[PDB]
Amino acid sequence: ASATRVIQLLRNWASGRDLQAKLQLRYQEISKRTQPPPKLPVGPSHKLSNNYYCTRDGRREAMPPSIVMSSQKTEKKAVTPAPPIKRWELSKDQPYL
Amino acid sequence: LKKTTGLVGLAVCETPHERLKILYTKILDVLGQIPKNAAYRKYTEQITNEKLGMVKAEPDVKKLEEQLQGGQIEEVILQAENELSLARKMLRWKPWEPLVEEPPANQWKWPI
Amino acid sequence: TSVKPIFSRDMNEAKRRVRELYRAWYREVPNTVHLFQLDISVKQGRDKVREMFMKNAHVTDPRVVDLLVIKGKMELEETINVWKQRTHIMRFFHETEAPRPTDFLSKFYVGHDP
Amino acid sequence: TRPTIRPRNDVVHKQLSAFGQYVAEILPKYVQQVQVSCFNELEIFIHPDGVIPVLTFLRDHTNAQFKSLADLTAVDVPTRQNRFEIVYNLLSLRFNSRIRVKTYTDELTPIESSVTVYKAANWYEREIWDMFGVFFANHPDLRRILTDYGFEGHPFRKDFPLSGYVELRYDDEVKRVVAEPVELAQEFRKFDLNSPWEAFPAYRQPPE
Amino acid sequence: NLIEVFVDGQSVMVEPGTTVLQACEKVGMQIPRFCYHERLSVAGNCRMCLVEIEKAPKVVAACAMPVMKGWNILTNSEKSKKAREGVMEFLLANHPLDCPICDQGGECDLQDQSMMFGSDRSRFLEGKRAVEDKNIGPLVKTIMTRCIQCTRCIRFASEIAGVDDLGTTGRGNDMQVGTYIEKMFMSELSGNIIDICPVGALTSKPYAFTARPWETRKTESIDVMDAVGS
Amino acid sequence: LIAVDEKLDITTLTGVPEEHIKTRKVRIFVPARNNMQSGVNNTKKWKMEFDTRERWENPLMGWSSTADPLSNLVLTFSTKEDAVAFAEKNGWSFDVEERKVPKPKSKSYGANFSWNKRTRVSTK
Amino acid sequence: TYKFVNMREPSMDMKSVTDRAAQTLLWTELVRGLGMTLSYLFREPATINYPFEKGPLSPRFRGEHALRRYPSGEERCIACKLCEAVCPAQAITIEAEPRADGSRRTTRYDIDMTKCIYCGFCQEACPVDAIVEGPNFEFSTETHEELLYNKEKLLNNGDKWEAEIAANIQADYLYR
Amino acid sequence: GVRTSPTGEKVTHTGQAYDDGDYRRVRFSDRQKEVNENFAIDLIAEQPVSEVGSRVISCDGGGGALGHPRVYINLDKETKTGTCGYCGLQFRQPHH
Ligand SMILES: CCCCCCCC/C=C\CCCCCCCC(=O)O[C@H](COC(=O)CCCCCCC/C=C/CCCCCCCC)COP(=O)(O)OCCN
Ligand code: SF4
Ligand code: SF4
Ligand code: SF4
Ligand code: SF4
Ligand code: FES
Ligand SMILES: [Mg+2]
Ligand SMILES: [Zn+2]
């Protein structure tokens, strides 16, 4: 930025940091507004052979839901919807603020 | 022994083992009033005996929390209380009876 | 058949609830005219209450009558708490709608409506 | 590999099926059906008066700690005798799972309020009442939540027109906003989009 | 007596002479088709209705193959799906890129059956065929680059309308549908070739460019120009 | 449980205006197949729709105006009985059209080459 | 993993107690906040000098609509109504008929700019790049009726903005 | 190519012009009528006819992916030019 050396020093002292390192106004460090043309990739289904839609058809593999039990239609162990969630580990990066 | 449970409104219990034993015994006593063939009775009796056996075999609180996998011992006590209340209500509701009524002919048919 | 009763097991209990709601609405018209600073009379308000009660006089189902008194109680509590504005209270009167013709010849002159 | 097809999780499918059988055995009086959709979602269809028992069980049971009510809504299907379908979405934080409970009702049949089980049911059931006309029996405060004061009709029913029946404007003669019958400068243009050819054979219904 | 056949393993009791397409229709399955119309004769030339039988190594034309006793018709098998994809690939290989300027628009069987039974990508890296447009009067507009040579108009003209003025001239990829001469196809039943033509090759000239099928609302009334009451 | 023997009537609860309850005749029908296509998938369910009302031209922009709330309202039913019950409980008048299904037809490819019958085709 | 945002306890040594007592009696953190605000005072403002300076924009920006032409001057729109079909807000009204030379061309093309949600679906769905959402965004009017554009207005917009529209489409057509 | 109606009102490229007795002309009083001066029909008629020595030509409108969908036009009828119907461009075979 454009600032006098006195003003920069006063700003640094008042805020207790080096503001010139982290500036909130953008000075020529950003990308140019004109860029070279791109050339994007195609994808996995852009082959000329071995590419039949019936083998890569997601929607047609959807099924009606499976009827586990219907009213119309040994000692079993009690079950749970899923295994119990594991206890979280305290962060190694910074456990406390 | 610990200062906080980390959860607002959940206080540390000084005597977790005694409270858990009391609660599990009370739960088992309530389950005795349910018909023997009820599926509810067998399952919750099984899991209560499973949990009650651990509280009588592990005197260390951290090891007991590890074995129960219920979070913290205060959470375990709260869940035992919830289970006891549910057992009383189920004794009142009696859900082991056959189905109340079947739905109409096409009540769950989809798409429609 | 054996349908679940919402509030009333018979039409007489439903009539009782209707009468209670009518008393409540009747006794609140002076307060509503005063609080909302309406330009209508208390007699006009009571006549509107009677008219709104009387357009459901053909109902013979206790469950429909229970639902009607439930909705009437809700819209009575909207008036008492001044949740409604003067706008809604006067929406009960249709003071801005033109008089719709009701005879065949007038409807024929006006347009295509049956 | 199949880059464009969503992978499946048979382990979670098995776990959900096992828990559905578990619940159906524990509560024979009310559970009418149990399904597991192939993207691993468990769904329990119950008789409408088992709402409080089934929800309290799913909340308080040790092997089903569904302490959180994610949502509560209804679906309107006019072709059914019980057109309205009440849907409860529960979340279990202890077992990191989610469940769905489905109930049916019509216009004149109340459903017991579940505010004694979940506190979010209060506003959820107020919205269901406001938008569909379903009455909840023992509700602390059942009134309109989203519609205008004095609004007549329940807009989310399938037989309710999209633009409704009345519209508002300010009238200078009476110096207030007025409600007048709806009248559109350009009428909503209804498009017929459905293709006359069947898309998914797996859902084909019997000719009957 | 009725014989028993199977569609995807489900038993159907069908009269002898019933075709595979009609048996699948009986169980509720509509086999894709371009050249087949139930009011016209059977051509079997578009090859879009090919299905697999349980033990047959070869696909059969569902529209022209009578069912035999104890046949299992695999309507959603790999062989049937690949056959449909190949046929649709050939059709769209020579078709022109005219959908936005085509009155058939959102009511085209080539489009709908390409979205339902065909592949979503094109392998055709050559030039397309362009066909001269014929003129058959003021009612029917012909843009014959969109013709798929299903010969419905020929069969309809001949059998239904008793007019034998339509046919196929030439052979091979350069086979064309028309009159071969500047003759107008004027008949009291001429718009039905507009209806039965699956593609935009035959379109209504009065209706040209005015609307799109999704916009329109449909009112079911009767006809008052004569006493048939159509 | 209580026993009441009445025809279901919910007009007082639906909030529809009286004119749109009493002057409306709906049409219960199965849609006719679009003759421009050979698919038959849109002829499976019953439809309920209202009678057409007036549409005029906007003085500004010339758009199409309407004053009929039920102009775009179309309901889908799986059965004629369901559609009729819905119309009856909502109090509308209704006209029911019986479903039209194509009759079975005898198709024979070999008929194109008859020795003595007129079914012999002059071209393929 | 997780972390605690507020779980630390202060040190109870006499030095720390005196430091906290000084912070209480002498408003140290309050003066620190004052210093931060003063630092911002001596920084440079971020305000641009509108209307003489404009904020950055991109070729993808969706502003006012326009109907384009081929280099010959012929309209690109062929009245295919794909934009009308895809429009979320039902803001496009189209009516077409054969032209005097038999072309498939529109007779009515309206866009209600008070109904439009400026989503850009119409220019995605256009197969001929006829309807575009140009770079203009300063077109506020004084009456509601002036915001109901028709074919003449949209063609005028295309003719006025064609250079910039062409440049933006050239810049961004390889990402499409 | 704009044209003026007998009432003084400009005629648009669709032929629109309010009648003499139409009240709706009041909206233009103390204001103007929005009419685009360039007529696409006139400009495309001003375009010349290209001659190519092949039975079938292809037009994509110019620019490739910045034009219209590529179509093929059959130049066999010697009594008329083949018109690309996306862009209205005429093509012909060299005669004589
Ligand atoms: C030789 C013997 C001499 C004997 C004299 C010894 C005295 C010297 C040492 C004691 C001096 C103490 C200073 C007196 C002022 C203290 C005020 C105070 O009570 O401090 C704060 C209260 O003060 C505030 O909180 C200030 C709030 C408002 C601040 C907003 C503006 C302040 C920022 C501007 C700085 C002001 C600069 C003053 C300049 C004056 C110029 C004339 C404590 O309150 P709490 O933290 O909330 O806790 C108390 C209960 N637990
Ligand atoms: S006939 Fe069908 S696929 Fe061919 S251009 Fe027309 S709409 Fe497109
Ligand atoms: S013009 Fe139409 S009906 Fe005739 S053969 Fe071609 S695609 Fe079939
Ligand atoms: S930007 Fe979106 S809302 Fe606006 S006209 Fe285009 S499609 Fe419609
Ligand atoms: S999508 Fe493009 S070519 Fe089609 S009608 Fe709209 S503006 Fe015209
Ligand atoms: S429909 Fe059978 S081959 Fe054409
Ligand atoms: Mg056609
Ligand atoms: Zn071109």
# chains A, B, ... in the order shown; residues from 1 in each chain; ligands from 1
call {"tool": "residues_around", "arguments": {"residues": "segment 96-110 of chain E", "least_positions_apart": "5", "cutoff": "7 Å", "atoms": "only C-alpha atoms", "output": "ChimeraX atom specification"}}
result
/E:145-146,198-200,203,208-209,212-214 /F:36-37 /G:78,80 /H:69-71
call {"tool": "residues_around", "arguments": {"residues": "segment 12-22 of chain B", "least_positions_apart": "6", "cutoff": "9 Å", "atoms": "only C-alpha atoms", "output": "PyMOL selection string"}}
result
chain B and resi 1-5+52+55-56+59+61+73-74+76-77+80
call {"tool": "interface_residues", "arguments": {"of": "chain E", "to": "chain H", "cutoff": "6 Å", "atoms": "only C-alpha atoms", "output": "VMD selection string"}}
result
chain E and resid 130 to 132
call {"tool": "residues_around", "arguments": {"residues": "segment 75-85 of chain C", "least_positions_apart": "3", "cutoff": "9 Å", "atoms": "only C-alpha atoms", "output": "list in words"}}
result
residues 21, 24, 25, 28, 31, 32, 35, 36, 70, 71, 72, 88, 89 and 90 of chain C; 143, 149 and 150 of chain D
call {"tool": "interface_residues", "arguments": {"of": "chain D", "to": "chain F", "cutoff": "7 Å", "atoms": "only C-alpha atoms", "output": "JSON list (two decimals) with N, CA, C and O atoms, in the first residue's frame"}}
result
[["chain", "number", "residue", "atom", "x", "y", "z"],
["D", 79, "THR", "N", -55.81, -40.19, -3.37],
["D", 79, "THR", "CA", -56.38, -41.45, -3.81],
["D", 79, "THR", "C", -56.58, -42.45, -2.68],
["D", 79, "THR", "O", -57.24, -43.47, -2.88],
["D", 152, "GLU", "N", -58.30, -19.04, 5.19],
["D", 152, "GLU", "CA", -59.25, -20.15, 5.14],
["D", 152, "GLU", "C", -58.73, -21.22, 4.20],
["D", 152, "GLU", "O", -58.35, -20.92, 3.06],
["D", 153, "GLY", "N", -58.72, -22.46, 4.67],
["D", 153, "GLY", "CA", -58.22, -23.56, 3.89],
["D", 153, "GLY", "C", -56.80, -23.94, 4.28],
["D", 153, "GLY", "O", -56.09, -23.19, 4.95],
["D", 161, "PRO", "N", -55.71, -24.81, -4.86],
["D", 161, "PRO", "CA", -55.05, -24.19, -6.01],
["D", 161, "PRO", "C", -53.76, -23.51, -5.63],
["D", 161, "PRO", "O", -53.57, -23.06, -4.50],
["D", 164, "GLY", "N", -54.29, -19.94, -4.66],
["D", 164, "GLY", "CA", -55.31, -19.72, -3.66],
["D", 164, "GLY", "C", -56.55, -19.08, -4.25],
["D", 164, "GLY", "O", -56.76, -19.05, -5.46],
["D", 165, "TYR", "N", -57.39, -18.55, -3.35],
["D", 165, "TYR", "CA", -58.66, -17.97, -3.75],
["D", 165, "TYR", "C", -58.74, -16.46, -3.59],
["D", 165, "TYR", "O", -59.52, -15.83, -4.30],
["D", 182, "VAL", "N", -59.01, -13.83, -6.16],
["D", 182, "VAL", "CA", -57.79, -13.83, -6.95],
["D", 182, "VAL", "C", -58.12, -13.65, -8.43],
["D", 182, "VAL", "O", -59.17, -14.07, -8.92],
["D", 183, "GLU", "N", -57.21, -13.00, -9.14],
["D", 183, "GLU", "CA", -57.40, -12.65, -10.55],
["D", 183, "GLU", "C", -56.02, -12.35, -11.11],
["D", 183, "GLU", "O", -55.36, -11.41, -10.65],
["D", 184, "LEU", "N", -55.58, -13.14, -12.08],
["D", 184, "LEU", "CA", -54.19, -13.12, -12.53],
["D", 184, "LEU", "C", -54.06, -12.39, -13.86],
["D", 184, "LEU", "O", -54.81, -12.66, -14.80],
["D", 185, "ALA", "N", -53.09, -11.48, -13.93],
["D", 185, "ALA", "CA", -52.82, -10.77, -15.18],
["D", 185, "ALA", "C", -52.34, -11.73, -16.26],
["D", 185, "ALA", "O", -52.71, -11.60, -17.42],
["D", 186, "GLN", "N", -51.48, -12.67, -15.89],
["D", 186, "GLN", "CA", -51.10, -13.78, -16.75],
["D", 186, "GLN", "C", -51.32, -15.07, -15.97],
["D", 186, "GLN", "O", -50.68, -15.28, -14.94],
["D", 187, "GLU", "N", -52.20, -15.92, -16.47],
["D", 187, "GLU", "CA", -52.52, -17.17, -15.80],
["D", 187, "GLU", "C", -51.33, -18.13, -15.86],
["D", 187, "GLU", "O", -50.61, -18.18, -16.86],
["D", 190, "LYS", "N", -49.80, -24.26, -17.40],
["D", 190, "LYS", "CA", -49.58, -25.62, -16.93],
["D", 190, "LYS", "C", -48.99, -26.47, -18.05],
["D", 190, "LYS", "O", -49.57, -26.56, -19.13],
["D", 196, "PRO", "N", -44.88, -40.55, -22.52],
["D", 196, "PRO", "CA", -45.77, -41.70, -22.66],
["D", 196, "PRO", "C", -45.06, -43.05, -22.69],
["D", 196, "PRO", "O", -45.72, -44.06, -22.91],
["D", 197, "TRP", "N", -43.75, -43.08, -22.47],
["D", 197, "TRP", "CA", -42.98, -44.32, -22.47],
["D", 197, "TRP", "C", -42.46, -44.59, -21.07],
["D", 197, "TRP", "O", -42.07, -43.66, -20.36],
["D", 198, "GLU", "N", -42.50, -45.85, -20.67],
["D", 198, "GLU", "CA", -42.11, -46.22, -19.31],
["D", 198, "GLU", "C", -40.61, -46.07, -19.11],
["D", 198, "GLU", "O", -39.81, -46.51, -19.94]]
call {"tool": "closest_atom_pairs", "arguments": {"of": "chain G", "to": "chain A", "cutoff": "9 Å", "atoms": "only C-alpha atoms", "output": "tab-separated table"}}
result
residue	atom	partner	partner_atom	distance
G:1	CA	A:89	CA	5.1
G:2	CA	A:90	CA	5.3
G:3	CA	A:95	CA	4.8
G:4	CA	A:96	CA	5.0
G:5	CA	A:97	CA	5.2
G:6	CA	A:97	CA	6.4
G:7	CA	A:96	CA	6.8
G:8	CA	A:96	CA	7.4
G:32	CA	A:15	CA	7.8
G:33	CA	A:15	CA	8.6
G:34	CA	A:14	CA	8.4
G:35	CA	A:14	CA	4.7
G:36	CA	A:15	CA	4.8
G:37	CA	A:15	CA	8.2
G:38	CA	A:14	CA	6.8
G:39	CA	A:11	CA	4.6
G:40	CA	A:11	CA	7.7
G:41	CA	A:11	CA	8.7
G:42	CA	A:11	CA	6.5
G:43	CA	A:11	CA	7.4
G:44	CA	A:1	CA	8.1
G:45	CA	A:25	CA	8.9
G:46	CA	A:25	CA	7.1
G:58	CA	A:33	CA	8.2
G:171	CA	A:37	CA	7.8
G:172	CA	A:37	CA	8.8
G:174	CA	A:38	CA	6.5
G:175	CA	A:38	CA	7.3
call {"tool": "atom_distance", "arguments": {"atom1": "atom CA of residue 8 of chain E", "atom2": "atom CA of residue 84 of chain E"}}
result
17.4 Å
call {"tool": "atom_distance", "arguments": {"atom1": "atom CA of residue 55 of chain A", "atom2": "atom CA of residue 46 of chain E"}}
result
24.2 Å
call {"tool": "atom_distance", "arguments": {"atom1": "atom CA of residue 13 of chain H", "atom2": "atom CA of residue 73 of chain G"}}
result
13.5 Å
call {"tool": "interface_residues", "arguments": {"of": "chain E", "to": "chain D", "cutoff": "6 Å", "atoms": "only C-alpha atoms", "output": "number ranges by chain"}}
result
E: 28, 116, 214-215
call {"tool": "write_last_selection", "arguments": {"atoms": "C-alpha atoms", "output": "CSV table (one decimal), in the first residue's frame"}}
result
chain,number,residue,atom,x,y,z
E,28,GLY,CA,-48.6,-54.8,-19.3
E,116,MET,CA,-35.6,-44.6,-22.6
E,214,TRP,CA,-46.1,-29.3,-23.4
E,215,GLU,CA,-47.8,-25.8,-23.7
call {"tool": "select_by_dssp", "arguments": {"residues": "segment 1-87 of chain H", "states": "strand (DSSP E or B)", "output": "list in words"}}
result
residues 3, 4, 10, 11, 50, 51, 56, 57, 58, 59, 71, 72, 73, 74, 82, 83 and 84 of chain H
call {"tool": "write_last_selection", "arguments": {"atoms": "N, CA and C atoms", "output": "CSV table (one decimal), in the first residue's frame"}}
result
chain,number,residue,atom,x,y,z
H,3,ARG,N,-41.7,0.7,-41.5
H,3,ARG,CA,-42.7,1.2,-42.3
H,3,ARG,C,-43.7,1.9,-41.3
H,4,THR,N,-44.4,2.9,-41.8
H,4,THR,CA,-45.4,3.7,-41.1
H,4,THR,C,-46.8,3.4,-41.4
H,10,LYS,N,-45.3,3.5,-36.3
H,10,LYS,CA,-44.4,2.6,-37.0
H,10,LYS,C,-44.9,1.2,-36.9
H,11,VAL,N,-44.6,0.4,-38.0
H,11,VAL,CA,-45.0,-1.0,-38.1
H,11,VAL,C,-43.8,-1.8,-37.7
H,50,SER,N,-24.4,-18.7,-51.8
H,50,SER,CA,-23.2,-19.4,-52.0
H,50,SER,C,-23.3,-20.5,-53.0
H,51,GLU,N,-22.3,-20.7,-53.8
H,51,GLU,CA,-22.3,-21.8,-54.8
H,51,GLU,C,-21.2,-22.8,-54.4
H,56,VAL,N,-24.5,-32.3,-51.3
H,56,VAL,CA,-24.8,-32.1,-49.9
H,56,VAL,C,-23.8,-31.2,-49.3
H,57,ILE,N,-24.2,-30.1,-48.7
H,57,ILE,CA,-23.3,-29.2,-47.9
H,57,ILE,C,-23.7,-29.2,-46.5
H,58,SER,N,-22.9,-28.7,-45.6
H,58,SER,CA,-23.1,-28.6,-44.2
H,58,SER,C,-23.0,-27.2,-43.8
H,59,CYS,N,-23.9,-26.7,-42.9
H,59,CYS,CA,-23.9,-25.4,-42.3
H,59,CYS,C,-24.0,-25.5,-40.8
H,71,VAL,N,-26.1,-28.8,-39.7
H,71,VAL,CA,-27.1,-29.5,-40.5
H,71,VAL,C,-26.6,-29.6,-41.9
H,72,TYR,N,-27.2,-30.6,-42.6
H,72,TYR,CA,-26.8,-30.9,-44.0
H,72,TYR,C,-27.9,-30.6,-44.9
H,73,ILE,N,-27.6,-30.0,-46.0
H,73,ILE,CA,-28.6,-29.5,-47.0
H,73,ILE,C,-28.3,-30.1,-48.3
H,74,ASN,N,-29.4,-30.6,-49.0
H,74,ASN,CA,-29.3,-31.4,-50.2
H,74,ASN,C,-29.5,-30.4,-51.4
H,82,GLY,N,-31.0,-24.4,-51.7
H,82,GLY,CA,-31.1,-25.1,-50.4
H,82,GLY,C,-30.9,-24.1,-49.3
H,83,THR,N,-31.8,-24.0,-48.4
H,83,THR,CA,-31.8,-23.0,-47.3
H,83,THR,C,-31.5,-23.7,-46.0
H,84,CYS,N,-30.4,-23.4,-45.4
H,84,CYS,CA,-30.2,-23.7,-43.9
H,84,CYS,C,-31.2,-22.9,-43.2
call {"tool": "residues_near_ligand", "arguments": {"ligand": "ligand 4", "cutoff": "9 Å", "atoms": "only C-alpha atoms and all ligand atoms", "output": "number ranges by chain"}}
result
G: 62-63, 65, 83-92, 111-113, 115-125, 131-133
call {"tool": "residues_around", "arguments": {"residues": "residue 24 of chain F", "least_positions_apart": "4", "cutoff": "7 Å", "atoms": "only C-alpha atoms", "output": "list in words"}}
result
residues 20, 50, 51, 92 and 93 of chain F
call {"tool": "residues_around", "arguments": {"residues": "residue 27 of chain H", "least_positions_apart": "6", "cutoff": "12 Å", "atoms": "only C-alpha atoms", "output": "PyMOL selection string"}}
result
(chain F and resi 59-60) or (chain G and resi 145-146) or (chain H and resi 18+33-34)
call {"tool": "write_last_selection", "arguments": {"atoms": "C-alpha atoms", "output": "short mmCIF file (atom, residue, chain, number, x, y, z; two decimals), in the first residue's frame"}}
result
data_model
loop_
_atom_site.label_atom_id
_atom_site.label_comp_id
_atom_site.auth_asym_id
_atom_site.auth_seq_id
_atom_site.Cartn_x
_atom_site.Cartn_y
_atom_site.Cartn_z
CA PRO F 59 -54.70 -4.94 -22.30
CA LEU F 60 -50.99 -4.53 -21.54
CA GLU G 145 -44.48 -1.26 -16.98
CA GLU G 146 -41.01 -0.31 -18.26
CA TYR H 18 -52.70 -0.37 -33.45
CA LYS H 33 -43.01 3.35 -29.52
CA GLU H 34 -40.15 0.88 -29.10
#
call {"tool": "decode", "arguments": {"residues": "segment 14-86 of chain H", "atoms": "C-alpha atoms", "output": "JSON list (two decimals), in the first residue's frame"}}
result
[["chain", "number", "residue", "atom", "x", "y", "z"],
["H", 14, "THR", "CA", -44.18, -8.72, -37.06],
["H", 15, "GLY", "CA", -46.65, -6.32, -38.69],
["H", 16, "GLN", "CA", -48.02, -4.98, -35.40],
["H", 17, "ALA", "CA", -49.77, -1.60, -35.52],
["H", 18, "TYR", "CA", -52.70, -0.37, -33.45],
["H", 19, "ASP", "CA", -55.89, 0.40, -35.35],
["H", 20, "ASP", "CA", -57.11, 3.95, -35.87],
["H", 21, "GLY", "CA", -60.02, 3.43, -33.47],
["H", 22, "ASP", "CA", -58.00, 1.44, -30.93],
["H", 23, "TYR", "CA", -57.87, 3.14, -27.53],
["H", 24, "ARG", "CA", -54.56, 1.46, -26.69],
["H", 25, "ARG", "CA", -52.66, 4.08, -28.70],
["H", 26, "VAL", "CA", -53.03, 6.42, -25.71],
["H", 27, "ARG", "CA", -50.05, 4.76, -24.00],
["H", 28, "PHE", "CA", -47.66, 6.27, -26.56],
["H", 29, "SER", "CA", -48.86, 9.86, -26.05],
["H", 30, "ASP", "CA", -46.03, 12.09, -24.80],
["H", 31, "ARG", "CA", -43.89, 8.94, -25.13],
["H", 32, "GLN", "CA", -42.55, 6.78, -27.95],
["H", 33, "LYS", "CA", -43.01, 3.35, -29.52],
["H", 34, "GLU", "CA", -40.15, 0.88, -29.10],
["H", 35, "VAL", "CA", -39.41, -0.45, -32.59],
["H", 36, "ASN", "CA", -36.20, -2.11, -33.75],
["H", 37, "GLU", "CA", -35.12, -0.65, -37.08],
["H", 38, "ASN", "CA", -33.16, -3.63, -38.45],
["H", 39, "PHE", "CA", -35.32, -6.32, -40.06],
["H", 40, "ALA", "CA", -33.83, -9.80, -40.03],
["H", 41, "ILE", "CA", -35.86, -10.83, -43.08],
["H", 42, "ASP", "CA", -34.45, -7.92, -45.09],
["H", 43, "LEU", "CA", -30.88, -8.57, -43.94],
["H", 44, "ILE", "CA", -31.01, -12.29, -44.72],
["H", 45, "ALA", "CA", -32.48, -11.49, -48.14],
["H", 46, "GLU", "CA", -29.56, -9.10, -48.64],
["H", 47, "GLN", "CA", -27.21, -12.01, -47.97],
["H", 48, "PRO", "CA", -25.90, -13.56, -51.22],
["H", 49, "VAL", "CA", -26.23, -17.19, -52.32],
["H", 50, "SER", "CA", -23.16, -19.40, -51.98],
["H", 51, "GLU", "CA", -22.32, -21.83, -54.77],
["H", 52, "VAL", "CA", -20.60, -25.12, -53.92],
["H", 53, "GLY", "CA", -19.93, -28.06, -56.21],
["H", 54, "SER", "CA", -21.41, -30.86, -54.10],
["H", 55, "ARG", "CA", -24.83, -32.45, -53.73],
["H", 56, "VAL", "CA", -24.82, -32.10, -49.93],
["H", 57, "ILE", "CA", -23.35, -29.22, -47.94],
["H", 58, "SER", "CA", -23.13, -28.60, -44.19],
["H", 59, "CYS", "CA", -23.86, -25.37, -42.34],
["H", 60, "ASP", "CA", -23.14, -24.65, -38.68],
["H", 61, "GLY", "CA", -23.85, -20.91, -38.89],
["H", 62, "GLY", "CA", -20.20, -19.87, -38.63],
["H", 63, "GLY", "CA", -17.95, -20.02, -35.59],
["H", 64, "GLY", "CA", -18.30, -23.74, -34.92],
["H", 65, "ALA", "CA", -19.48, -24.23, -31.34],
["H", 66, "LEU", "CA", -20.58, -20.57, -31.38],
["H", 67, "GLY", "CA", -23.11, -21.13, -34.20],
["H", 68, "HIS", "CA", -26.10, -23.45, -34.46],
["H", 69, "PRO", "CA", -26.30, -27.25, -34.63],
["H", 70, "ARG", "CA", -24.62, -28.42, -37.81],
["H", 71, "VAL", "CA", -27.09, -29.48, -40.51],
["H", 72, "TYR", "CA", -26.76, -30.92, -44.00],
["H", 73, "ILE", "CA", -28.58, -29.47, -47.01],
["H", 74, "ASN", "CA", -29.26, -31.35, -50.24],
["H", 75, "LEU", "CA", -28.63, -29.23, -53.34],
["H", 76, "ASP", "CA", -30.36, -31.43, -55.93],
["H", 77, "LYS", "CA", -33.46, -29.43, -56.90],
["H", 78, "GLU", "CA", -32.23, -27.11, -59.65],
["H", 79, "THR", "CA", -35.30, -24.85, -59.41],
["H", 80, "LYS", "CA", -34.52, -23.54, -55.91],
["H", 81, "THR", "CA", -31.69, -22.95, -53.47],
["H", 82, "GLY", "CA", -31.13, -25.09, -50.42],
["H", 83, "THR", "CA", -31.78, -23.04, -47.29],
["H", 84, "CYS", "CA", -30.17, -23.67, -43.94],
["H", 85, "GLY", "CA", -33.25, -23.24, -41.75],
["H", 86, "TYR", "CA", -31.40, -22.37, -38.57]]
